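Undergrad: Here come the first chain(s), positioned as in the complex:
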Amino acid sequence: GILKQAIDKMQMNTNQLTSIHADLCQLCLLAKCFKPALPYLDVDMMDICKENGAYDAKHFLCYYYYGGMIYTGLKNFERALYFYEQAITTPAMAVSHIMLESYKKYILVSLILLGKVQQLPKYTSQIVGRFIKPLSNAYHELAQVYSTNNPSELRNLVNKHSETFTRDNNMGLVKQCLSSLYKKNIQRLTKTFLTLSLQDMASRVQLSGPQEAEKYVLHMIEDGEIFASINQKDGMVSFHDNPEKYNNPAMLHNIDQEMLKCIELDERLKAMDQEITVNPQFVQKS
Amino acid sequence: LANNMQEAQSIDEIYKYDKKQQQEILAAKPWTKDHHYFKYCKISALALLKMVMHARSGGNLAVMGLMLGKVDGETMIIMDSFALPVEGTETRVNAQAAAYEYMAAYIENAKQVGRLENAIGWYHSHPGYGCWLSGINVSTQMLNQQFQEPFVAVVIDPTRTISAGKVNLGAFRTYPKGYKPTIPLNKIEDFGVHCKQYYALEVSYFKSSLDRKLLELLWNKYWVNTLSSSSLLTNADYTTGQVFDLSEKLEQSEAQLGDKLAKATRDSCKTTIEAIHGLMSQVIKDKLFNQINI
Amino acid sequence: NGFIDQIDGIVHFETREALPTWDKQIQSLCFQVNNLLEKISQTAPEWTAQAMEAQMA
Amino acid sequence: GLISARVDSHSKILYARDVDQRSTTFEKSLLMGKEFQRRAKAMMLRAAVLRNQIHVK
């Protein structure tokens, strides 16, 4: 709480990244406290205080890395992926272990959230594609095995390279990917079938059991990732994929919220652009 | 009519004539540098009304006349239109002898009263013959443009306008000699064989503050057509076409980027503003009518 | 004008589209208001003249 | 994606699938808006870090 109190009264504007953010994120990560630091991560952080040159680049890389771990502890994979992407794209022509770890966790989170590794923006530093990638090789082949869509082979590959994952403290993320492969396969099944037997689903997803397949489908229905119903008279599962019809005030409210966010973004961009034009750096004769 | 301004408004400076600025812009001659210079023609309400009335009053014959105004920047302003005592057949008009005496005398008399504008163009009516430049209009417009440079050819169709309920006014300017530079072919068809010789212009209309104030009380029974306006239903095809052209403009701007984005943004803003205005009118109607006795 | 659904044995002649009916009913309401005002003016010209004069000021 | 159909393995029937144009359009427009907002919020931080000239020395 001391650093949380210090941040509001020492830094100027709520959109300003400071070095003490990294320290507070480290304290929250090491103390297994994730709730107090939430309001300090939900707000997008723009502009960095100079700190009279005392703000080293490392303090930046830590803030978007340790905080990323926080978003992997609260099951918020989108913001974790965004934080890891921001950490990776830092322009720096020197190898750092923080960048390597951020790249590995970015690969893992992209494999968990989506069925493939999200393509990094092309404006990132070229050192990532020259030194970072060759050193982080087990994660790339793990991604390849995940993309080939063979749940049986993923377990064997995890067993083969267990020592690398345990050395890098990743026992708890790759297993989530292995578990989510089954959900991805089930969703792809819903992309084709309309009414499927539980035994047939167990055989296709290699879940080895109709009861286990029923339990997985029930869990996914509870989570909301899938739209399905279970008829136990014949042990069948049906898919009713008609969730929204876009005829209710709720979607109007959603569009209103998107409009408000876009308008605020545009106003902030215009204010920054008008602030930029004061400097006489260029535009002399052109 | 209250809670606003009643003095000289922001739509009255268009009616003001500055002699010094016109003399400077006539001496500058910026048209000769870039030949695709003029692209907009702003016509007063009075000029358009007089043109339409004179074209329709001629019946099946063709009529012709002049139009006064000025030029500013990239736009040509046409303020007044006065007819001519021409005797034309169903196809061709001549304006042999009495037309030129009428031109000179009318310009002098108008200058006597206070009309400070000079002649800015000529117009001629096609009685049901579309809106395009014929092989004789092209020649005469080239003749006028060679020496009296600020000029524009306005073509009006009275019969088609009265039959379809929409005015058909086209502003055109001719390229000089030797200036070469499921989609419909009407782009080439609706022009004559000289389609590559002349180019059209964007026609817009304007009116003064007193004009709008007096036209507001023109008639008190269009309120029914405003309450039961049924917007977003009579111009859905217009909005779909605008969206298509906007997508094409966005593609062109994206290709260029890899200043064109400004006009694409303007078109998108215009279409969105029209849609939002329609929705606002519908919401107002719903609040007015269906929210009573619930 | 209309179509036939054979299994249900139903001939559909025509159906409205809601919003155009809304506009038509609004127009009919406005016409009724205008007709009632005209009849009111016709039956008591002096009273309606006085009422309009009072309302204008 | 070669054939748009759904298999019903209860009576073994291949049903045809009709895509709802309005719903798909709305969903993809919302997805595009979300992606654009994320890209903007990333680019603003990129510009801010470029102004400070942050790099590992």
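TA: Perfect, thanks for sending it. Numbering: from 1, shown residues only, chains lettered A, B, ... in the order given.
Undergrad: Quick one: distance of the longest helix along chain A to the chain centre.
TA: When chain A is scanned for its longest helix (criterion: DSSP state H), the result is helix A:249-276. Computed by CA atoms, centre = their mean, to the nearest Å, the separation of helix A:249-276 from the middle of its chain amounts to 24 Å.
Undergrad: and that helix, what other elements does it pack with?
TA: Counting contacts by 3 or more CB pairs under 8 Å, 6 or more residues apart in numbering or on different chains; DSSP states H and E, helix A:249-276 is packed against helix D:21-52. Quick note: C-beta positions are derived from backbone N, CA and C, even for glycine.
Undergrad: And the helix it packs on, what's buried?
TA: The neighbour-count check on helix D:21-52 (16 or more other CB atoms under 10 Å in any protein chain shown) flags D:26, D:40, D:41, D:42, D:44, D:45, D:46, D:48, D:49, D:52 as buried.
Undergrad: Dump those residues to CSV, plus distance to chain A.
TA: Output for those, formatted as CSV (distance: CB to the nearest CB, whole Å):
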residue, distance to chain A
D:26, 5
D:40, 6
D:41, 5
D:42, 6
D:44, 5
D:45, 6
D:46, 7
D:48, 5
D:49, 6
D:52, 5
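Undergrad: Append chain E to the structure above:
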Amino acid sequence: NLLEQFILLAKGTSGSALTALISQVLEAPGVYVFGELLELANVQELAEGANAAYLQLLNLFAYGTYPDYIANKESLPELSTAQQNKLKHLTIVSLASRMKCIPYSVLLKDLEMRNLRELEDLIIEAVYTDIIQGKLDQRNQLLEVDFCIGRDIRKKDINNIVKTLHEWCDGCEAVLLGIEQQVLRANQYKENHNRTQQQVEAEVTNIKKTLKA
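TA: So, slotting chain E in with the rest:
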């Protein structure tokens, strides 16, 4: 209309002839609103005596509906087919006055008829006489009414309608006020933006600075 001749020819009559004329009026096709007739002094004084049943029947025709008629079937004198048809048509008009979408079950209950064909025929023949305009629908079993005539009103209910009209006026006023507020705010926004533009004006002052250096 037609009631003018009836009231003119019944102005100077009284007694059993008055009851006969009342029955003829109730049997006369094309007459559906008996408003001016009830204002006659003879009909008003007909209340006292042994012929009050005719006045009650006239009041029921003017204001009441078919269920009210069947409530006192024995009290009122017997009626022919034309009177019952007119009463049913007036009941349909009264039902359509409240709601513009009348279910078939409600019409069957109030009009006391069994077959759906009979109800459809009655509605069609009521549409023919132009008292109401609308379309039937068998898919959803409902009748949609676009326009209906204004039935007779009592003297003491006028304030009622007045109230409703007042409400409408109020609503209009509210809407107008809101519109004004909106436009004012819009204008303010515009002016605020123009202020920002004038701030860009200050920029050329910095240009003067580069004149010094």
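Undergrad: now that chain E has been added, could you go back to what packs on helix A:249-276?
TA: When contacts are defined as 3+ CB pairs under 8 Å, 6+ apart, helix A:249-276 sits against helix D:21-52, helix E:158-212.
Undergrad: got the angle for the longest one vs helix A:249-276?
TA: Helix E:158-212 runs at 20 degrees relative to helix A:249-276, counting by axes from the mean of the first three to the mean of the last three CA atoms, to 10 degrees.
Undergrad: Are helix E:158-212 and chain C in contact anywhere?
TA: No: Helix E:158-212 stays clear of chain C (CB under 8 Å from any CB of the partner chain), getting no nearer than 10.4 Å.
Undergrad: now the helices: where do they sit in the stretch 51-200 of chain B?
TA: Taking DSSP state H, counting those that start in this stretch, the helices of the stretch 51-200 of chain B run over residues B:98-113, B:135-147, B:158-164, B:186-189.
Undergrad: Tell me the buried residues in the second one?
TA: Neighbour counts using 16+ other CB under 10 Å place B:137, B:138, B:140, B:141, B:142, B:144, B:145 of helix B:135-147 among the buried residues.
Undergrad: Among those, which one lies nearest to chain E?
TA: Comparing those against chain E with CB to the nearest CB places residue B:145 closest, at 38.4 Å.
Undergrad: ok so, going back, between the helices of the stretch 51-200 of chain B, which gets nearest to residue A:235?
TA: Residue A:235 lies closest to helix B:186-189 among these, at 64.3 Å (CB to CB).
Undergrad: Chain F should go on the structure too:
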Amino acid sequence: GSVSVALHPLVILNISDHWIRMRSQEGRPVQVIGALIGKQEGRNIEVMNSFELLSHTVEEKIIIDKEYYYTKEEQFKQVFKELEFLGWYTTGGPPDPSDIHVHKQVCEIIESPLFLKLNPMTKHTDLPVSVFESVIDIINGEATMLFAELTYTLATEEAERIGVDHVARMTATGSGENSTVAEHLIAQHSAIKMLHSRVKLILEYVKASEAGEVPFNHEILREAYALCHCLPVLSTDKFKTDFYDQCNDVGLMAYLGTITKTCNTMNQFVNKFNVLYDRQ
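TA: Same chains as before, plus chain F:
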């Protein structure tokens, strides 16, 4: 009454353009004077056009130029054949002795001149254009002259109707300093105001009828009942679904259309940042 006069919606536009142009030229508002033309059919007078006139000032008196009028009369006959001088117009408020002096002077040209008065600086919703007729009364002694008020009509040609509708529906004449939202909402405000005035008159009439101070009409009251039993127009569920669908569609059209404007502002900002901040 008197002579039925038919006014076209082209004279008024001529007067308004005249007034606007001379006010802009002189900086300050002035008084404009011209001459009307039209046709005389039996007991009917029709005014269909007008041309400007030249007037001089001698101290306080205003004198209409005659030679210029004669030249204009000879000139205008070439284009318009069945057109004759009918009256003369001016812009002003209440009648003035200067107007009566000008009318008496103009009377030397035509037997029965009209007098069209336009109000460019009106301060009410009353009709700003008024047609006055000056018939020489037989009052002896001093010439007590009061121009009789005329209830003019709005006789209009078909092409005139088309042009008038086109200019009335015009909206691009502004869209400058004044927001287009204001122009869009003004029409709705005026329409709602007129509907509210009509329904207020109906409410006043029914209140008077229920008060008992006016004769009781059994037909108008039932017509009012029929009108008042239908305010909730088409409150079905299908209409609500259609309305929500339209609102959602317009919301999507606004989202796609704000995104592009934000992207354009993005492009401008990045272009400015890549020159004034980029190190070459």
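Undergrad: back to the buried residues of helix D:21-52, now that we've got chain F?
TA: Those would be D:26, D:29-30, D:33, D:36-37, D:40-49, D:52, for helix D:21-52 by 16+ other CB under 10 Å.
Undergrad: what's the angle from the host helix or strand of residue F:20 to helix B:98-113?
TA: Element membership for residue F:20 (DSSP states H and E) is helix F:11-26. Here the directions of helix F:11-26 and helix B:98-113 differ by 60 degrees (the same axes, to 10 degrees).
Undergrad: Would you mind identifying the next helix or strand past helix F:11-26?
TA: Proceeding N to C from helix F:11-26, the next assigned helix or strand is strand F:34-41, under DSSP H and E.
Undergrad: From residue A:245, how far out is whichever residue of chain D sits closest to chain C?
TA: Nearest to chain C, among the residues of chain D, is residue D:22, at 16.4 Å (CB to the nearest CB). Computed as CB to CB, to the nearest Å, the residue D:22 to residue A:245 distance reads 9 Å.
Undergrad: try residue A:4
TA: Computed as CB to CB, the residue A:4 to residue A:245 distance reads 44 Å.
Undergrad: just residue F:117 next, same as before
TA: From residue F:117 to residue A:245 the distance is 62 Å (CB to CB).
Undergrad: These two: who's more crowded?
TA: Set residue F:117 next to residue A:245 and count neighbours by other CB atoms under 10 Å in any protein chain shown: residue F:117 wins out with 20 against 15.
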